[PDB]
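Undergrad: I'd like to ask you about the structure that follows.
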Amino acid sequence: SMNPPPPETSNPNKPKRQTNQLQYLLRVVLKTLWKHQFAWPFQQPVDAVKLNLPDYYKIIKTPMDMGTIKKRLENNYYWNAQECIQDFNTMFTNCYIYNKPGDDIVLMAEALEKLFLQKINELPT
Ligand SMILES: Cn1cc(-c2ccc(C(=O)Nc3ccccc3N)nc2)c2cc[nH]c2c1=O
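Positions in the sequence shown are counted from 1; adding 41 to them yields the authors' numbering.
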């Protein structure tokens, strides 16, 4: 099909360890973006088949979405906060490199990214 397998969300050989920053990323950053009214197109991998975007996965080499990020956090997949922040950045980058500037989806991503950056600027050190 046009769709790859979804990204892995668990890391079985990784030991489970909580950190203040990972708690913040799940319970402040992800939670705030997830509840936002513009979150829904980002809550699951892009279905290029059903959306009829045949070139999506030609352009996007590293698929990423907030559902994957949520499950990675809930499964303690990330070793540190920077890995999680990278996934958020990749999700936004994908939207901005595939869609045309000013598209509704781009406006929705920009609103979410502003909120993300606002919350990331209060991440505990
Ligand atoms: C990250 N991302 C996401 C999307 C995206 C994802 C899901 C839906 C959706 O389910 N809409 C929908 C609305 C109402 C009824 C049924 C359906 N199916 N729409 C858009 C997209 C489209 C072009 N580009 C993107 C894009 O970059």
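For each residue, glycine too, the CB sits at the ideal point set by N, CA and C.
Taking 8 Å as the line, does the beta carbon of residue 92 fall inside it for any heavy atom of ligand 1?
TA: yes
Undergrad: So is residue 104 buried or exposed if we call it buried at 16+ other beta carbons inside 10 Å?
TA: buried
Undergrad: Enumerate, from N- to C-terminal direction, the unbroken alpha helix (DSSP H) stretches of 4 or more residues contained entirely within the stretch 65-149.
TA: 72-76, 89-92, 97-100, 107-115, 122-139
Undergrad: Should residue 100 be counted as a contact of ligand 1 given a C-beta to heavy atom distance under 8 Å?
TA: no
Undergrad: Beta carbon of residue 72, beta carbon of residue 118: below 9 Å?
TA: no
Undergrad: DSSP state of residue 164, grouped into three classes?
TA: coil
Undergrad: Give me the Cα-Cα distance between residue 165 and residue 111, rounded to the nearest whole angstrom.
TA: 19 Å
Undergrad: Would you report the Cα separation of residue 122 and residue 62, rounded to the nearest angstrom?
TA: 6 Å
Undergrad: At a threshold of 8 Å, does residue 146 count as lining ligand 1 (C-beta to nearest heavy atom)?
TA: yes
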